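A.B. asks: partial complex here, more coming in a sec:
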Amino acid sequence: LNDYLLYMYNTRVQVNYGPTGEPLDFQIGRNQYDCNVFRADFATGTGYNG
């Protein structure tokens, strides 16, 4: 998903990056939509059906 969100574009897209060295630490789009929630975490189950 990280590769899909950063590396695919038919035109230039705004993107911002985070400090930590983990996948999905970026903010994409004109609005500041943080993608940290989509990283899997079994203790809370964010980013999936649960």
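C.D. replies: Cool, the structure landed. Numbers count the residues shown, from 1 in each chain, chains lettered A, B, ... in the order given.
A.B. asks: what residue is smack in the middle of chain A?
C.D. replies: residue A:35 (3.1 Å; C-alpha atoms, centre = their mean).
A.B. asks: spatially nearest residue to that one (excluding sequence neighbours)?
C.D. replies: residue A:24 (4.5 Å; C-beta to C-beta, 6 or more residues apart in numbering). Every C-beta, even on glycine, is put in place using the N, C-alpha and C of the backbone.
A.B. asks: that neighbour: how many residues sit nearby?
C.D. replies: 18 (other C-beta atoms under 10 Å).
A.B. asks: check contacts around it.
C.D. replies: A:1, A:2, A:5, A:35, A:36, A:38, A:39 (C-beta atoms under 8 Å, 6 or more residues apart in numbering).
A.B. asks: can you name the next helix or strand after the helix or strand where the third one lies?
C.D. replies: In this case it means residue A:5. In this assignment (DSSP states H and E), residue A:5 forms part of helix A:2-7. Scanning forward in sequence from helix A:2-7 by DSSP H and E, the next helix or strand is strand A:15-16.
A.B. asks: need the three-state assignment for residue A:19.
C.D. replies: coil (DSSP: H, G, I helix; E, B strand; the rest coil).
A.B. asks: ok, residue A:21 - how many residues close by?
C.D. replies: Neighbours of residue A:21 using other C-beta under 10 Å come to 6.
A.B. asks: pull the contacting residues for residue A:35.
C.D. replies: A:5, A:24, A:25, A:26, A:27, A:28 are the contacts of residue A:35 under C-beta under 8 Å, 6+ apart.
A.B. asks: quick one, which of these are buried?
C.D. replies: Among those, those that count as buried by neighbour count (16 or more other C-beta atoms under 10 Å) are A:5, A:24, A:25, A:26, A:28.
A.B. asks: now for chain B:
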Amino acid sequence: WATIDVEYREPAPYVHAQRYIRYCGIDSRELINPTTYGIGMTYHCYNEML
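C.D. replies: Adding chain B to what we have so far:
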């Protein structure tokens, strides 16, 4: 820039050289693999310059 370049951890075999140098905050205690290391990790100066 805002990095701890020099630190002292334990006594060394030679008592006159206790300092540990670390560029960009990278720790030398952990081995790395050239194929995949360095992907998605930044330090302050590089991020600000970008």
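A.B. asks: re-run the earlier check on the neighbour count of residue A:21 with chain B in the model.
C.D. replies: When neighbours are defined as other C-beta atoms under 10 Å in any protein chain shown, residue A:21 has 11 of them.
A.B. asks: how about the contacts made by whichever residue of chain A sits closest to chain B?
C.D. replies: Of the residues in chain A, the one nearest chain B is residue A:21, at a distance of 3.6 Å by C-beta to the nearest C-beta. Going by C-beta atoms under 8 Å, 6 or more residues apart in numbering or on different chains, residue A:21 touches B:40, B:41, B:42.
A.B. asks: could you list the contact residues of chain A toward chain B?
C.D. replies: A:17, A:19, A:21, A:22, A:23, A:25 (C-beta under 8 Å from any C-beta of the partner chain).
A.B. asks: repeat the analysis, applying 10 Å as the threshold.
C.D. replies: A:2, A:6, A:17, A:18, A:19, A:20, A:21, A:22, A:23, A:24, A:25, A:26 (C-beta under 10 Å from any C-beta of the partner chain).
A.B. asks: next, count neighbours for the nearest residue to the first one once chain neighbours are set aside.
C.D. replies: If you skip the residues right next to it in sequence, residue A:2 has residue A:23 as its closest partner in space, 4.3 Å away by C-beta to C-beta, 6 or more residues apart in numbering or on different chains. As a burial measure, the neighbour count of residue A:23 was computed by other C-beta under 10 Å and equals 17.
A.B. asks: contacts only, for residue A:23.
C.D. replies: A:1, A:2, A:3, A:5, A:6, A:35, A:36, A:38, A:39, A:40, B:39, B:40 (C-beta atoms under 10 Å, 6 or more residues apart in numbering or on different chains).
A.B. asks: helix or strand for it, which one?
C.D. replies: Judged by DSSP H and E, residue A:23 forms part of no helix or strand.
A.B. asks: build in chain C:
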Amino acid sequence: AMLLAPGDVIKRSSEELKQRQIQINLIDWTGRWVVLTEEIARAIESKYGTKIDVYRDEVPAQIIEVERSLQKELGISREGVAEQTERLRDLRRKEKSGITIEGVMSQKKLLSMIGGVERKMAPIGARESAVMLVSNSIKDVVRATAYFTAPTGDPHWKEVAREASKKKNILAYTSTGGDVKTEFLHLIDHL
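C.D. replies: Adding chain C to the chains above:
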């Protein structure tokens, strides 16, 4: 990460080995096209990593004429187009004052004609492969850390195999079925 392999295997996979940037040490045992101006050739070489020659009024040859479509695709500036068409006018005058030119205008035509395949979209690592050298010399048998074997044979491979098996700690891989080259490439990828 240094590997020893039969000479025919490296002979057959030299192209892939060069493409993956592993240096080759081997011991044997017994018309192109040109671009109108240097700027377009430099741009295409930067984009695709393909070396291109420059037309210099040598002989009746075959000329590649990059078209408006690829001019926009490659992000070529206005001055590049202007100088390209100036050289084109010069060629028109030269052949009117009594050489073949092709107006390639699709990306796939250029790829299937000459050059290297385009780049895939993945993060770029520091190095393509973890191995530096694959060789077939007894002069650097102590250099190697692992070796690969195949039913194919070389006049010097038996002695090298004997001298390499004597190592106390060396990784040994052998291929028995399928394609030798595919197995070797998979090994060099995963090693």
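A.B. asks: quick recheck of the neighbour count of residue A:21 now chain C is there?
C.D. replies: Counted with other C-beta under 10 Å, residue A:21 comes out at 11.
A.B. asks: just residue C:134 next, same as before
C.D. replies: 25.
A.B. asks: ok, then the element right after the helix or strand harbouring it?
C.D. replies: Per DSSP H and E, residue C:134 falls inside strand C:133-135. Proceeding N to C from strand C:133-135, the next assigned helix or strand is strand C:146-149, under DSSP H and E.
A.B. asks: show me what the following helix or strand past that next one is packed against.
C.D. replies: Per DSSP H and E, the first helix or strand lying C-terminal to strand C:146-149 is helix C:157-165. Helices and strands touching helix C:157-165, by 3 or more C-beta pairs under 10 Å, 6 or more residues apart in numbering or on different chains; DSSP states H and E, are strand C:2-4, helix C:7-12, strand C:146-149, strand C:171-174.
A.B. asks: those: which one's closest to residue C:107?
C.D. replies: Checking the helices and strands packed on helix C:157-165 against residue C:107 by C-beta to C-beta gives helix C:7-12 as the closest, at 30.2 Å.
A.B. asks: can you give me the neighbour number for the residue in chain B positioned nearest to chain C?
C.D. replies: Here chain B gets closest to chain C at one residue, residue B:34, 4.6 Å apart by C-beta to the nearest C-beta. For residue B:34, the neighbour count with other C-beta under 10 Å is 12.
A.B. asks: same check on the one 5 residues further on?
C.D. replies: A count of nearby residues for residue B:39, using other C-beta under 10 Å, gives 12.
A.B. asks: close enough to count as contact, it and residue B:33?
C.D. replies: No - counting by C-beta atoms under 10 Å, residue B:39 stays clear of residue B:33, with 11.0 Å between them.
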